[PDB]
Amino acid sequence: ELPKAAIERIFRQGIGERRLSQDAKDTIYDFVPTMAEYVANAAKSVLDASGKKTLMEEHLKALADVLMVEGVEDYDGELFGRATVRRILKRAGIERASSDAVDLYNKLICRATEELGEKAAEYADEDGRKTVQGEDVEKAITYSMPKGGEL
């Protein structure tokens, strides 16, 4: 499982100097692992359609382009542990992956989390607040993800 402390640091990379409330952390702890699983299942979908058994970079690049996550390749923030993210992929049915595929999946989910923090920060700004609150995170999820983030 993705550690909560790492989820928080990564999300916080996107909020600048703002504070983060507990209900915001609660939201991201529930959501980020579900998003990671969703992304891993999507990666399997892009690879089973692809006629290959090995997950490669190009499969995760396609997911980033369709989820419209910006700056994935250039992401240089905190990453989860390789074995942890590889196990999420394995649970999604990914029997074989290249190291570069694993790394790009990791950059995708981490960058997506950071991007969520940026969006939540934007909602806090809208309400003239210094702290990112659970409502900002909820709105960021619904807006930014398909199906309102019910992933």
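Counting begins at 1, following the sequence as shown.
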Between the two ranges 20-28 and 125-133, the one averaging a larger CA B factor in the entry: 125-133
Selected stretch [higher average CA B-factor]: 81-89 or 105-113: 81-89
Of the residues 120, 56, 62, 69, the one carrying the largest Cα B-factor as recorded: 62
Chain third (lowest, middle, highest) by recorded CA B-factor, residue given as residue 10: middle
CA B-factor ranking of residue 99, expressed as a third of its chain: lowest
Where the record places residue 35 (Cα B-factor, split into thirds across the chain): lowest
